[PDB]
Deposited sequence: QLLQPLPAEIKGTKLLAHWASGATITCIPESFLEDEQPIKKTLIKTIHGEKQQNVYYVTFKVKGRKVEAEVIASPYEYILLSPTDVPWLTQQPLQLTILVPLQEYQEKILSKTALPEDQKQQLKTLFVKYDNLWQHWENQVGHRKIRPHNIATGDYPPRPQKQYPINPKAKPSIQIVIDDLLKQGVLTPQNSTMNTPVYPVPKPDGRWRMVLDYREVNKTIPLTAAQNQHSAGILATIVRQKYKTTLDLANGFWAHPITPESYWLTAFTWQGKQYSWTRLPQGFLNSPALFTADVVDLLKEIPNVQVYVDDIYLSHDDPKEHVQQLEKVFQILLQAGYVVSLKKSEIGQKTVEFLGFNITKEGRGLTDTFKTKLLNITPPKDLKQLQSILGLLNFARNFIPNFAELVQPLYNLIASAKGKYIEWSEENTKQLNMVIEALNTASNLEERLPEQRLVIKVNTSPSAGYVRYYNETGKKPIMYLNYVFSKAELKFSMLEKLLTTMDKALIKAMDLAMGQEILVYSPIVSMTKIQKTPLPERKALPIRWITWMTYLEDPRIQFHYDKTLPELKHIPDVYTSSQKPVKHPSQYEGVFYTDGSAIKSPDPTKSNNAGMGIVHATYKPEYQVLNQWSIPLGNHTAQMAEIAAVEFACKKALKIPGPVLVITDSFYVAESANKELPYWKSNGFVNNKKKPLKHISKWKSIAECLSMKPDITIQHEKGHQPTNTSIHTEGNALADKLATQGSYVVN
């Protein structure tokens, strides 16, 4: 539990003891007492009567004799009374996590009224014991331990090859912390399981076990938790959502002693074994998620997957009241919550098990139908790929042959490898896509036919078509918006990610029917065999991906007709059309620029920018201002140069920010041609200083995209809104900055 464990021998063999608190006597695990003859017998209520003994054992090598009782558990529950010389100390592991930053970040990113927010701040110190305070700190379920030596045919010990030593240091800490708490034991065994390293985002390495041999030895004879698609249709959607990360909760369940060998692995020649459920093993995920779902069966609105728990309510009092019941259940069960990834009391939870943030209030989530604009090719190979991509539409889009003539009129005309795109060609590409998005080329879902899904993927996005089985038009397309990490996946993994995404929206359209999936992969047998140096996706991904092959209402098929897409340009997303309120953010950055005639004939011009940091929380308040003289530059470059400054000053703000511009050019260009200018390389602008001014709002939005940019005219504006006050302030500053001369 949460006292330092204590290392001991009884009869030759070593074992762990946990300091006790009750007035009960010292329980020994039941298999040591078997040969010992009983002293008296005595009825324990919490009235099962039991034999009592008097035995000798060691604690830190020193000998103890004690009046003891039998325990079905794996450890010694040690009475403080029996050991008056030793004192109880708390658990000491290697690296103390920054629980304070974690808690501050969660109190920050919260939609709770500061009233309940303050009640959460008291809850963080109410069951502080149920929070992960140390790295590698595991919990301890006091449950009946599991037996995974099922199936009589043993697996065959896999040899352990050498691995990267540059990872051994950060992995040894883990090994030593999981020994100290008894999660590993040093037990030479008949099985050897292979081990590999994978890099962690922080620059350390985390260890992976390749259990694919053991797993074919044991059967999935167990009531599996509902799968991703089962959970995502059932979930309640109400105002306040919350997700909690069990820190490797499967490590909390123990396994029987006769099972330790099965889990064995070698690390620096010494062959260790697991006291607890291992990650990789066939039945871990379902046994742990089973127990979780039992523990929260009384809670109205809860969904669990792997170790991620999501709970949501409408009434902010009832949310935190239910959440305390959960904290109690998890504490008394021995579980351990990690607040680094956890998200409490938020109107949008960044992920509820799968890769999809939750928002608003319906029982089912609801995603954007239409796909996004592709950017222009930079190459012949990039043009041929998109051609071969659109080729399927000839048969159901009447205005295709014409639309596409100009693009082909681009293959042979500039027959010199690289071609040339006019700006009107990009307008024709957008016209192409809009056709496919018009409701006359979209079929309707037919409950008699089966539901067909055609899946491919570029490097930038996944491409998904939905058809009816015999249909000639697609019900709806669906493009995929890869997360920052999803981008790091290999190709085939991009295809499988996209499959999970597509099947979540699909679980709505099938409406009691079957689903057929067509893809460029020849088998769903050969792919489980893909070697682990190639899997660039966490095996949580590969698991969630392969849970779908146990569903009878889903079949996978190889479509030879599909085009090779490893040469599609970038998709052009947009933070545009979601223009939102003026005041609901966490900060507002007004911007302006002026330029006037120059006093020295040589410079010819003279510009100044202006910037305002205001927050519109309870009411308008100004946090800082700025009036910066720029030199001889375009007035439009003052208005441009001001938003770069306020974007850079925003990276310091963990939250949503708003940036206001007088300049239609900047405010539109930062919405319509910026995603384009990026995938162009700033070619044929403008000498060099001009180009080195646009790139930096690019890079600054890349790093933080939760920053929006609006526009306004603002001429002769008396009080045209509540919003123009700030932009008059900012126009005063940029004009002030203009008049000053160096």
{"property": "In sequence order, the deposited-sequence ranges that have no modelled C-alpha atom", "result": "47-49, 689-690"}
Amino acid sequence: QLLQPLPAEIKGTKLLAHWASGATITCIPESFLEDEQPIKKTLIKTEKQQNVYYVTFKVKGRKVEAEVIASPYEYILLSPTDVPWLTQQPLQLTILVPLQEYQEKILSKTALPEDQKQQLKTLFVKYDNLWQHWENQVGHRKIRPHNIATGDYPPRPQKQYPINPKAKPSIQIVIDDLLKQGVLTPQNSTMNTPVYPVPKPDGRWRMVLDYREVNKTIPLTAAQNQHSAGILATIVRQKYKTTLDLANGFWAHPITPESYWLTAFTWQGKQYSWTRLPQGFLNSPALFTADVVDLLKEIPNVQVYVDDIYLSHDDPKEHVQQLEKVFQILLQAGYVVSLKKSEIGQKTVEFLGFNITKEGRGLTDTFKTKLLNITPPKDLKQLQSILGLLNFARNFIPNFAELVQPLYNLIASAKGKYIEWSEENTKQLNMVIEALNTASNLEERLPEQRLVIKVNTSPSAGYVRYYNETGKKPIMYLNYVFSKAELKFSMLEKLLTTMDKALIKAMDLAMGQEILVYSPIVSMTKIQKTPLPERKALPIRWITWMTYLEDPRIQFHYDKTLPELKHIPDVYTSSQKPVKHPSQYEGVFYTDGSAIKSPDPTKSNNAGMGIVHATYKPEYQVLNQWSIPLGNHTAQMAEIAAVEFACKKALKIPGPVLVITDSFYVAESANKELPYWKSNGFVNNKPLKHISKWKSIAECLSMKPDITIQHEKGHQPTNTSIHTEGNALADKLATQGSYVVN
From here on, numbers count along this sequence of modelled residues.
property: Mean C-alpha B-factor comparison - 569-577 and 464-472, higher one; result: 569-577
property: Greater mean Cα temperature factor according to the PDB record, 636-644 or 490-498; result: 636-644
property: Which of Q621, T289, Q279, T530 ranks first by CA B-factor in the deposited coordinates; result: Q621
property: Which of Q92, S413, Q322, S79 ranks first by CA B-factor in the deposited coordinates; result: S413
property: Third of the chain, ranked by Cα B-factor, where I28 sits; result: lowest
property: Relative C-alpha B-factor of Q37, binned into the chain's lowest, middle or highest third; result: lowest
property: Within-chain third of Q625 by Cα B-factor, per the entry; result: middle
property: CA B-factor placement of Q332, once the chain's modelled residues are sorted into thirds; result: lowest
property: Chain-wide C-alpha B factor ranking for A698, given as lowest, middle or highest third; result: lowest
